[PDB]
Amino acid sequence: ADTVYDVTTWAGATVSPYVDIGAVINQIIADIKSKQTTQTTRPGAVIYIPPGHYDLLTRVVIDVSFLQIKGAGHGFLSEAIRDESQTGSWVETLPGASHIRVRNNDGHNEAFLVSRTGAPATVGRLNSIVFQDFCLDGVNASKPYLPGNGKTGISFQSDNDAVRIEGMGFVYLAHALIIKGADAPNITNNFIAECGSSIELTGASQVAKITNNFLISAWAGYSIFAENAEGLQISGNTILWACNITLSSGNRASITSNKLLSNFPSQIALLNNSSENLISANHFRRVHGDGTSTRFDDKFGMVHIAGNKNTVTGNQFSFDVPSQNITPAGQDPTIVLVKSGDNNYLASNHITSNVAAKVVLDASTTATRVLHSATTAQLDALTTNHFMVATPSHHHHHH
Amino acid sequence: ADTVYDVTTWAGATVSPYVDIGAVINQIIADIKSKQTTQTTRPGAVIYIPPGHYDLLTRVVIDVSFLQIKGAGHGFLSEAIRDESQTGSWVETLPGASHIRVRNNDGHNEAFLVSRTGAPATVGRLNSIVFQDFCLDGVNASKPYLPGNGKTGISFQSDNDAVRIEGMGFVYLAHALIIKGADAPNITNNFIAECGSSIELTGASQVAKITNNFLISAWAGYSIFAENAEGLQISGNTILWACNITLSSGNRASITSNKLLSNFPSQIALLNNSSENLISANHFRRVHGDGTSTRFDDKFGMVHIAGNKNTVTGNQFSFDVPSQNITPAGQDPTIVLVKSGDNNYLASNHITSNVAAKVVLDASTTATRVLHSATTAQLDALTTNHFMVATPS
Amino acid sequence: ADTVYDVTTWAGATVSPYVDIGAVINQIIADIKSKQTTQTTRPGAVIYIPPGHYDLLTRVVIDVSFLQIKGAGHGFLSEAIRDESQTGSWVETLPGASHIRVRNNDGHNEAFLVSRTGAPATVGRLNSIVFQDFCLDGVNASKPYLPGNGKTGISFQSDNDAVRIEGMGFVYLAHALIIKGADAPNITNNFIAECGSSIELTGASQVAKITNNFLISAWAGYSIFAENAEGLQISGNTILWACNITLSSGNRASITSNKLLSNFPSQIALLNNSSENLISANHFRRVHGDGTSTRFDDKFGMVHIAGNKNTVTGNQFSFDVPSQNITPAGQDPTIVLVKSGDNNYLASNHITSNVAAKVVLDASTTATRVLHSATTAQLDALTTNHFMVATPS
Ligand SMILES: OC[C@H]1O[C@@](CO)(OC[C@@]2(OC[C@@]3(OC[C@@]4(O[C@H]5O[C@H](CO)[C@@H](O)[C@H](O)[C@H]5O)O[C@H](CO)[C@@H](O)[C@@H]4O)O[C@H](CO)[C@@H](O)[C@@H]3O)O[C@H](CO)[C@@H](O)[C@@H]2O)[C@@H](O)[C@@H]1O
Ligand SMILES: OC[C@H]1O[C@@](CO)(OC[C@@]2(OC[C@@]3(OC[C@@]4(O[C@H]5O[C@H](CO)[C@@H](O)[C@H](O)[C@H]5O)O[C@H](CO)[C@@H](O)[C@@H]4O)O[C@H](CO)[C@@H](O)[C@@H]3O)O[C@H](CO)[C@@H](O)[C@@H]2O)[C@@H](O)[C@@H]1O
Ligand SMILES: OC[C@H]1O[C@@](CO)(OC[C@@]2(OC[C@@]3(OC[C@@]4(O[C@H]5O[C@H](CO)[C@@H](O)[C@H](O)[C@H]5O)O[C@H](CO)[C@@H](O)[C@@H]4O)O[C@H](CO)[C@@H](O)[C@@H]3O)O[C@H](CO)[C@@H](O)[C@@H]2O)[C@@H](O)[C@@H]1O
Ligand SMILES: OC[C@H]1O[C@@](CO)(OC[C@@]2(OC[C@@]3(OC[C@@]4(O[C@H]5O[C@H](CO)[C@@H](O)[C@H](O)[C@H]5O)O[C@H](CO)[C@@H](O)[C@@H]4O)O[C@H](CO)[C@@H](O)[C@@H]3O)O[C@H](CO)[C@@H](O)[C@@H]2O)[C@@H](O)[C@@H]1O
Ligand SMILES: OC[C@H]1O[C@@]2(CO[C@]3(CO2)O[C@H](CO)[C@@H](O)[C@@H]3O)[C@@H](O)[C@@H]1O
Ligand SMILES: OC[C@H]1O[C@@]2(CO[C@]3(CO2)O[C@H](CO)[C@@H](O)[C@@H]3O)[C@@H](O)[C@@H]1O
Ligand SMILES: OC[C@H]1O[C@](O)(CO)[C@@H](O)[C@@H]1O
């Protein structure tokens with residue numbers, strides 16, 4: 001069929017894909033549009049990228065639904081370790097597989113911009129665009145990669161439904177993936193590492209599914225940033241280095257069955273009246289020393305809650321930071337800060353820390369329940385408007 | 001190798017795949033069987049479907065193990081939204097990618113029937129058939145799509161082992177996926193929406209794995225129906241619109257780490273003595289208005305339990321239905337109905353509701369434990385044969 | 001591009017891949033090395049294996065980063081059932097899809113050895129090698145398959161980063177997958193069954209991700225074995241027959257949202273000071289009779305803990321073993337054995353058993369908390385140094 005393209009064998013290209021794969025892909029998209037010319041004759045296409053090192057000089061603009069861009073794998077290599085190592089005898093020093101080196105010279109910072117102008121009720125949304133099994137690489141960057149090199153991998157900037165980002169590698173980018181106005185996006189089985197931020201769901205979103213990923217962005221950005229997100233599902237991910245899942249006015253999220261690790265506070269922040277979110281069956285680990293930052297102090301919380309009726313159940317909170325490195329100096333670090341809101345619920349969580357640490361209930365909070373989720377020594381309730389059923393501990397009395 | 005076929009380039013096809021891809025696939029299957037003729041020379045084949053709009057007029061019948069049918073993506077477009085919109089200027093109005101329009105003219109309702117004749121002990125089960133990354137579309141349908149247009153995407157009707165349905169799109173079908181007599185089926189990473197039912201595991205099943213899907217079927221059918229299911233695993237799914245997971249004599253299921261939402265009751269129903277099932281670390285949301293139905297009233301439960309020794313832990317039950325729309329009128333809605341059974345266990349669940357709502361223990365139940373899973377006001381126990389450790393209030 | 005190879009069509013092959021696919025893949029790798037000759041010109045390659053039956057006689061050695069070897073599916077057929085059946089009329093008797101019959105005659109046990117010698121700081125690690133959607137088969141084996149036929153599917157024996165094993169089938173091997181010194185491996189969506197052991201992470205590992213697999217190895221080995229593992233994530237798996245997840249000096253693991261079943265003790269063993277590991281939202285089922293062993297007796301535990309500060313929350317422990325088969329004879333079997341360690345935490349778990357069964361706290365343990373995770377009758381505390389908040393009875 002004429003809907004199958006390979007960037008290296010398609011003869012209609014006027015530049016080599018090794019020189020500018022962005023120009024080649026744009027030319028393929030123009031070819032698709034010349035063949036798929038009515039609303040009932042636009043099934044889309046597949047563009048295959050074989051293993052190779054490809055420079056991208058021109059931003060790709062996708063306004064075609066059902067476009068699949070696929071390669072041979074995620075191609076990750078730790079450029080951060082490379083850049084701290086003596087690499088003269090390394091067998092390879094670049095990420096690989098189907099490897100796009102993001103090198104725009106066109107005044108734009110995105111390798112891929114997925115965007116259609118118009119009112120969605122009038123022109124239709126972008127639907128079921130698929131990025132699978134290729135590598136996007138910013139080539140050179142320094143920690144924490146934000147602002148860094150300013151480069152973005154994939155950015156969706158118009159309303160979209162059922163998009164799919166699967167099996168990819170993203171490395172050395174300021175922003176790996178940005179999706180504005182996402183409805184039911186599927187972000188799964190990716191390897192995002194050594195980037196400023198990993199996933200940003202901007203504007204608003206409905207029922208995003210973020211599953212089975214490695215998310216390894218650093219401490220200036222977010223692993224998952226979600227603005228006005230309804231119904232987010234975040235599960236089965238390994239989120240490392242500077243795990244930071246921030247919801248701003250997000251509700252009815254399900255954040256379950258993840259491995260979550262940071263060298264910094266704010267592993268989950270439910271901000272700006274984020275309510276009825278579940279945080280269940282996750283392992284949280286806070287450590288120190290893989291980078292340092294004062295973006296947050298240790299009173300911010302491993303989990304920070306500003307909202308109502310959230311549920312924190314069945315998790316482990318494991319904290320190991322040397323006392324001399326805790327901030328503000330001399331203070332007890334915070335495991336969960338319930339900063340504001342009503343009827344939040346913590347139950348059946350185990351808190352293990354190298355120094356005394358606290359669940360803090362701000363004086364403004366109401367009806368918070370803390371049920372086998374803190375010993376007496378682990379609760380710092382700044383209002384009497386809470387219910388405590390303590391995790392058992394000894395020495396209630398002094399004599 | 002000659003085991004790789006593309007429906008648009010295979011020279012043996014006597015019909016265009018755009019006109020009837022079902023006939024083309026059946027011709028390929030006949031070719032495979034002509035070349036793979038003994039029990040040690042049947043490795044199977046791959047059929048690739050490039051992006052395109054393909055009509056299916058003839059049901060495909062598969063009795064070949066290790067057949068992979070694969071395309072370029074799930075291809076979903078909301079035909080429900082399209083059908084309530086003014087679409088003259090829409091850039092596209094059809095689902096796409098590798099897009100099969102299910103339009104049988106042969107009197108059958110399935111696009112794909114996977115079925116082998118004979119006793120499995122004598123002829124073997126069907127093994128490791130793979131459907132990946134294509135779109136099955138019923139073309140025209142009206143809510144709630146059941147009975148709807150009567151169309152079925154894929155139906156497995158004989159005993160099978162290790163089948164795999166991955167990365168697919170299904171839309172505007174009465175039944176997206178039906179698997180009878182499945183052992184270790186893998187149903188993962190799919191997008192099933194605007195269908196009557198999404199997944200039906202019929203007859204019986206053993207250790208089915210249903211993970212990482214979007215399931216968005218409507219209120220007359222089931223998101224997941226499984227009868228005589230041993231060991232079902234359901235995790236990592238986003239199940240929306242009319243989430244309804246019904247187990248009929250299902251035991252030892254693990255239903256965990258899902259996002260579950262419905263505009264109707266019966267988000268999970270453990271029916272016909274379904275026992276020793278785990279429901280843990282799920283977010284449940286009940287809302288109202290995206291369709292209406294009287295199939296269940298609000299006393300049925302967001303979770304409904306008829307069975308023994310089930311375990312409900314670490315979930316949120318979030319309920320928001322205007323009082324004037326609650327049924328029966330004026331009555332307190334039910335979060336969990338323990339309808340019958342012994343030694344069921346509810347612990348460490350948070351119930352948040354816009355009106356007073358209850359966990360109801362039917363008078364026939366025995367030894368139910370409700371442990372930090374309901375305040376006193378949230379328990380309506382109709383038998384003293386239970387144990388309550390109240391969520392404080 | 002010349003970085004794409006098919007073992008059945010590549011013109012450089014001097015051996016048939018059906019006779020020795022190992023030789024053909026080794027020849028492809030030599031070709032890759034001849035074309036990709038500097039540290040900035042080694043993007044790797046893809047090797048496609050179409051459906052077919054291929055013997056492997058020569059071990060493949062991979063020391064090239066970013067090599068993908070991919071086929072048409074997992075190809076599983078239950079050879080165990082075949083070998084106890086009358087198969088004269090079976091339509092197929094062999095696993096299929098892209099099917100490698102592991103038949104080494106070169107003095108080695110592995111089909112694939114992934115190894116780069118010499119110091120990772122000097123030569124680099126092996127990075128992002130991908131095995132996808134093919135079948136590795138030991139051809140003939142007898143239960144429990146370990147030591148069995150001695151055959152290994154894939155063995156990584158040098159430090160590696162971001163490797164990926166996805167969608168594969170492994171059957172009738174002593175060891176399906178071994179990875180030594182793994183950093184962020186991704187082992188996902190596989191079907192590993194009727195093998196001695198399924199996944200072994202040796203030496204040490206960091207942040208392995210094991211998700212969405214069927215793991216069906218038998219009772220002499222391990223479903224998942226990990227030594228010196230930091231941060232292992234195990235979730236969404238269906239682990240059957242002889243589920244045994246053993247961590248030796250493993251810490252900060254997250255073992256959640258799995259369906260876990262064994263006919264034997266030791267479904268999870270946290271051994272040799274394994275600490276701060278989470279076991280949450282899993283369904284555990286212990287049954288008897290699908291094979292028998294005296295490797296462990298029933299006092300070992302469904303879960304066995306030797307370490308500190310672990311967390312066991314929101315699970316079901318379902319135990320069904322006839323009293324006549326429980327060992328030591330006449331003794332109550334153990335659900336969770338806290339063998340040694342400090343500050344372990346059990347909360348909101350439901351224990352259901354056909355006979356009296358216990359959480360046992362060894363006399364050496366300190367500060368164990370057991371909170372709505374055992375009735376009084378289900379706790380056998382052999383030290384007064386614990387906290388009990390009983391499940392009501
Ligand atoms: O548009 C076609 C069709 O899509 C449907 C499918 O259900 O969804 C609409 C869609 O776009 C909505 C859009 O604006 C939503 C908006 O509100 C959010 O944020 C508010 C707080 O400010 C919340 O109170 C509110 O509940 C949320 O919806 O987002 C803006 C920023 O907040 C608000 O000004 C809007 O009212 O979302 C994007 C990103 O903001 C905008 O471009 C859209 O107008 O929803 C998804 C994104 O979630 C998108 O794919 C859809 O087009 C249906 O409603 C429409 O008929
Ligand atoms: O970290 C930078 C630097 O700023 C300070 C002072 O702003 O702390 C900021 C930080 O922690 C503040 C903390 O307590 C704030 C406190 O006061 C709030 O409430 C009062 C009314 O009850 C108001 O008068 C006041 O304006 C508000 O800030 O909250 C407690 C009552 O709940 C009071 O005892 C405190 O004075 O916030 C939490 C409680 O929410 C405490 O644990 C903290 O001490 O802000 C973030 C948390 O949001 C944390 O990371 C920062 O330390 C100074 O303390 C720091 O050196
Ligand atoms: O250091 C920067 C930063 O990078 C991270 C990212 O994960 O680590 C990458 C790094 O890991 C080392 C590596 O090998 C460690 C090795 O030895 C360990 O285990 C032994 C047995 O317990 C101990 O004797 C030894 O002390 C431990 O370090 O693990 C292999 C198996 O034992 C041995 O062959 C290795 O020497 O860790 C993984 C395995 O867990 C391997 O893939 C790695 O090589 O890798 C680079 C290159 O080697 C090295 O600089 C880093 O430590 C993170 O941990 C750090 O914060
Ligand atoms: O081959 C089976 C055969 O071996 C025996 C020998 O006892 O059991 C081994 C087995 O269970 C042992 C079990 O109890 C051990 C016990 O003693 C330990 O602690 C004492 C100090 O407190 C030491 O004097 C003694 O040497 C240590 O072994 O532990 C209890 C105190 O915690 C004592 O009452 C017991 O005598 O281990 C657990 C407790 O950890 C009990 O439930 C068991 O009875 O070892 C594994 C468990 O690690 C289990 O599978 C085996 O049965 C004999 O009992 C069997 O016939
Ligand atoms: O394993 C994937 C690779 O991701 C890492 C994780 O650790 C980081 C980021 O990428 O590496 C730098 C080393 O400078 C650390 O600061 C940061 O954690 C690689 O380390 C790892 O090998
Ligand atoms: O009439 C619109 C119908 O479509 C819905 C909502 O939209 C879908 C499918 O069914 O579901 C998600 C919403 O997030 C979208 O991907 C997809 O279009 C029904 O809920 C609604 O009745
Ligand atoms: O499925 C509906 C379609 O199927 C047919 O009955 C046979 O192909 C068409 O006449 C009709 O439009």
Side-chain angles (χ1 to χ4, degrees), chain B residues 3 32-33 36-46 62-68 114-116 118-131 156 158-165 179 181-186 206-209, chain C residues 49-56 71-103 111 133-143 145 148-149 151 153 167-173 176 190-195 198 213-218 238 240-241:
Chain B
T3 55
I32 291 162
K33 297 183 154 194
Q36 301 192 17
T37 68
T38 77
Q39 60 182 20
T40 57
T41 56
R42 285 171 169 143
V46 51
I62 296 159
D63 61 343
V64 169
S65 288
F66 325 112
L67 185 65
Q68 175 183 49
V114 186
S115 188
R116 169 175 290 166
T122 303
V123 304
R125 287 177 281 175
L126 281 169
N127 292 285
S128 300
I129 290 161
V130 181
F131 290 92
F156 294 76
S158 64
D159 291 0
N160 54 92
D161 199 10
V163 309
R164 177 172 171 184
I165 299 88
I179 320 184
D183 293 318
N186 183 22
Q206 177 70 278
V207 299
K209 177 157 66 65
Chain C
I49 302 168
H53 292 311
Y54 307 89
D55 281 3
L56 177 142
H74 57 293
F76 177 78
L77 171 148
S78 176
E79 293 183 88
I81 292 301
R82 173 196 70 192
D83 285 354
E84 52 167 55
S85 293
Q86 293 300 306
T87 65
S89 292
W90 278 29
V91 178
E92 64 274 337
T93 52
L94 303 177
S98 305
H99 174 219
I100 297 184
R101 291 154 53 86
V102 177
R103 303 186 65 247
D133 296 338
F134 69 98
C135 176
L136 282 160
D137 179 8
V139 185
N140 297 104
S142 304
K143 298 166 171 186
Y145 319 114
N149 60 26
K151 299 179 171 176
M168 300 282 299
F170 297 80
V171 60
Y172 262 25
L173 301 163
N190 299 291
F191 198 103
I192 300 177
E194 305 165 15
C195 295
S198 299
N213 301 285
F214 280 106
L215 303 178
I216 320 177
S217 45
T238 291
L240 304 170
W241 198 349

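A note on names: the letters A, B, ... follow the listed sequences, proteins ahead of strands, and every chain is numbered from 1. Computed from heavy atoms alone, side chains included, the values below leave out hydrogens, waters and symmetry copies.
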Minimum heavy-atom separation for [X] and [Y], please, with both atom names.
{"X": "B/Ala162", "Y": "C/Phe76", "answer": "CB-CD2, 3.9 Å"}
{"X": "C/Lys151", "Y": "C/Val102", "answer": "NZ-O, 2.8 Å"}
{"X": "B/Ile32", "Y": "B/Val64", "answer": "CG2-CG1, 4.4 Å"}
{"X": "B/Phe66", "Y": "C/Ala97", "answer": "CB-N, 3.5 Å"}
{"X": "C/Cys135", "Y": "C/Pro95", "answer": "SG-CB, 4.0 Å"}
{"X": "C/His53", "Y": "B/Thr40", "answer": "CD2-O, 3.3 Å"}

Counting N and O atoms only, with roles assigned by atom type, does the side chain of [X] sit under 3.5 Å from a partner on the main chain of [Y], one being a donor and the other an acceptor?
{"X": "C/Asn190", "Y": "C/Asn213", "result": "no"}
{"X": "C/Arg82", "Y": "C/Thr93", "result": "yes"}
{"X": "B/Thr3", "Y": "C/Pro51", "result": "yes"}
{"X": "B/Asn127", "Y": "B/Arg125", "result": "yes"}
{"X": "B/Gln68", "Y": "C/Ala72", "result": "yes"}
{"X": "B/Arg116", "Y": "B/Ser158", "result": "no"}
{"X": "C/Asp137", "Y": "C/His99", "result": "no"}

Can you tell me how far [atom2] of [Y] sits from [atom1] of [X], rounded to the nearest 0.5 angstrom?
{"X": "C/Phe134", "Y": "C/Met168", "atom1": "CZ", "atom2": "CE", "result": "3.5 Å"}
{"X": "C/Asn149", "Y": "C/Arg103", "atom1": "CG", "atom2": "CZ", "result": "12.0 Å"}
{"X": "C/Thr87", "Y": "C/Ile81", "atom1": "OG1", "atom2": "CD1", "result": "12.5 Å"}
{"X": "B/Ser128", "Y": "C/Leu77", "atom1": "OG", "atom2": "CG", "result": "7.5 Å"}

Q | Check: B/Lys209 and B/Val207 side chains under 4.5 Å, non-hydrogen atoms | A | no
Q: Indicate yes or no: at least one non-hydrogen side-chain atom of B/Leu67 is less than 4.5 angstrom from one of B/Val114.
A: no
Q: Can you spot which of C/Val171, C/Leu215, C/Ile216 makes a side-chain contact (heavy atoms from CB on, under 4.5 Å) with C/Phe191?
A: C/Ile216
Q: Starting from the C-alpha separation in whole Å, work towards a yes-or-no answer on side chain to side chain contact (heavy atoms under 4.5 Å, CB included) for B/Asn160 and B/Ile129.
A: CA-CA 9 Å; B/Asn160 54 92; B/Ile129 290 161; over 6 Å; no
Q: Could you tell me which residues satisfy side chain to side chain donor-acceptor pair (under 3.5 Å) with C/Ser217, sequence neighbours excluded, listed by chain and number?
A: C/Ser198
Q: Quick one: list whatever passes side chain to side chain donor-acceptor pair (under 3.5 Å) with C/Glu194, sequence neighbours left out.
A: C/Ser78
Q: Would you sort out whether C/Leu56 and C/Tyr54 count as a side chain to side chain contact (heavy atoms under 4.5 Å, CB included), showing the intermediate values?
A: CA-CA 6 Å; C/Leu56 177 142; C/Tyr54 307 89; over 6 Å; no
Q.
Before you tell me yes or no, could you show the steps for C/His74 and C/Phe214 under side chain to side chain contact (heavy atoms under 4.5 Å, CB included), namely the whole-Å CA-CA distance, both residues' side-chain angles and the distance that decides it to 0.1 Å?
A. CA-CA 11 Å; C/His74 57 293; C/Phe214 280 106; over 6 Å; no
Q: Report the C-alpha separation of C/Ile49 and C/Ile100 in whole Å, then their side-chain angles, then the decisive distance to 0.1 Å, and conclude whether the side chain to side chain contact (heavy atoms under 4.5 Å, CB included) test is met.
A: CA-CA 9 Å; C/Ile49 302 168; C/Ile100 297 184; 4.0 Å; yes
